[PDB]
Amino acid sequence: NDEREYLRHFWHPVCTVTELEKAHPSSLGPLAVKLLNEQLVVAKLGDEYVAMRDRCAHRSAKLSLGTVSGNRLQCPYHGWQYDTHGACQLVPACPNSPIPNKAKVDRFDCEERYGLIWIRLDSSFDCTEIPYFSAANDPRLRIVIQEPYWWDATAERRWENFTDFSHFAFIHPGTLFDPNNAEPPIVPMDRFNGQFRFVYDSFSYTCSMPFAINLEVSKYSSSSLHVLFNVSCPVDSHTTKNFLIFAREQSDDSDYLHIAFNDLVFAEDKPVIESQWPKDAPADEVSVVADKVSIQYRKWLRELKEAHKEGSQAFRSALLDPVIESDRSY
């Protein structure tokens, strides 16, 4: 718990826009979501996506069992109506009395981007941004947002799985493995603008810390751009709700050709990653040199955790200071 408090300062995806619209016949929510073990409710009130604690101030019913009408989220129990700022603006039982100052629920940063809904629980450091997806607003590329997928594994373990190449021959032998490319090198890794940047051989990674990966592939078999954008919502201490968006230049083929392939890859990873125990990586794990990405990831996470304890300035420097290993200029 206290060991995860620094994560409240980042933007995390909690649902797709589609999920929010499908939740109830109004198409406006509400939708219950869970983020860092906090129970939240999401709704569209007018033009705004709003996120509140899923707990009415009156008698603690779940607002996610209520109703969106226009610019209000109405509690299902005694009909208190909450506005976009989390403030109750109608107590139907006392329509002429003034509403208690108490009658407000916590309201959090909530924004749509790339077709996902993002929530930032703590905006006090004012230095984190929604992760970078390189294919957004590139009109050469067709974009597909997959349905979210749930794993009984943590966001850290999911991230390390996605950025590891050592596992292809054993988890993905028929699907991703390459006899003639069967142990890619140790590569230089740069920190720039709160992202890890590193390239392989052609795979170009931009990883917005802590849990998002933007992978641009310049493909060998077709010579056309493919982008994978994967981000894990840390739902609680043992669970992730994971999102994949993918973009492609050659878009004459079926979206489901790629969805089925992505789903096959995830199905091969899933049971092995869910088997890792304890859920959080303990100190006794044994790294080797080929674990560079994982080793550097864990080091930066540890530094961000320390810097959060020191405060806004220290956190901003730990996240945003550049640290360059490569020949590249940014």
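Residue numbers here begin at 1 and follow the sequence given.
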| property | result |
| --- | --- |
| Residue 183 to residue 184: deposited residues without atomic coordinates | none |
| 74-82 set against 87-95, stretch whose average Cα temperature factor tops the other in the entry | 87-95 |
| 217-225 set against 98-106, stretch whose average Cα temperature factor tops the other in the entry | 217-225 |
| Candidate residues 115, 173, 234, 131, the one whose C-alpha B factor the record puts highest | 173 |
| Deposited CA B-factor, highest of 150, 165, 211, 246 | 165 |
| Third of the chain, ranked by Cα B-factor, where residue 111 sits | middle |
| For residue 12, the third of its chain into which the C-alpha B factor falls | lowest |
| CA B-factor ranking of residue 296, expressed as a third of its chain | middle |
| Ranked against its chain, the third holding the CA B-factor of residue 241 | lowest |
| Third assignment of residue 282 from its chain's C-alpha B-factors | highest |
